[PDB]
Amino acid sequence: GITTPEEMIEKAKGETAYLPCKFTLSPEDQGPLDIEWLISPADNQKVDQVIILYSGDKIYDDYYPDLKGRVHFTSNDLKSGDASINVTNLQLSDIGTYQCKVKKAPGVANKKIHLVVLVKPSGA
């Protein structure tokens, strides 16, 4: 499963957010590795919107238009156990709950991250 519990990352506009999602695989987990990152924006009322995927050993993005070209997996080796992603040039519209789903049949794990973006760089 994933190595980190549900957390809240508070960052400032312009900065880059590093969303952690490191996982471990069991011997049982023999199905093809499947990674999906979803988002539930705070502004509109949509939920579980697809952001990026790792399916069939390939990265697939450009699902969430408002987040185009600003999301990439941080690790250069997903299979190694890292599905963490980046969100460059954070904006107020990026606030919401981001979910990381790591699956490898019959195994399945997921983590939720509450990303908050503040206008001026300050959390005091």
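We call the rigid core the largest set of C-alpha positions that still match within 1.5 Å between the two forms. The first residue of the sequence shown is number 1, and the count goes up from there.
- Annotation: of the segments 40 to 48 and 26 to 34, 40 to 48 departs further from this form in 7 other deposited structures of this protein (C-alpha atoms, root mean square over structures and residues, core superposition).
- Two stretches, 55 to 63 and 82 to 90, are weighed by how far their CA atoms sit from the shown form in 7 other deposited structures of this protein after rigid core superposition; the farther one is 55 to 63.
- Averaged over their C-alpha atoms, the temperature factors of 48 to 56 and 70 to 78 are higher for 70 to 78.
- Comparing 104 to 112 with 20 to 28, the higher mean C-alpha B-factor in the PDB entry belongs to 20 to 28.
- When the Cα B-factors of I85, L92, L38, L33 are read from the PDB record, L92 comes out highest.
- Sorting the modelled residues of the chain by their CA temperature factor places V119 in the highest third.
- When all modelled residues of the chain are sorted by CA temperature factor, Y98 is found within the lowest third.
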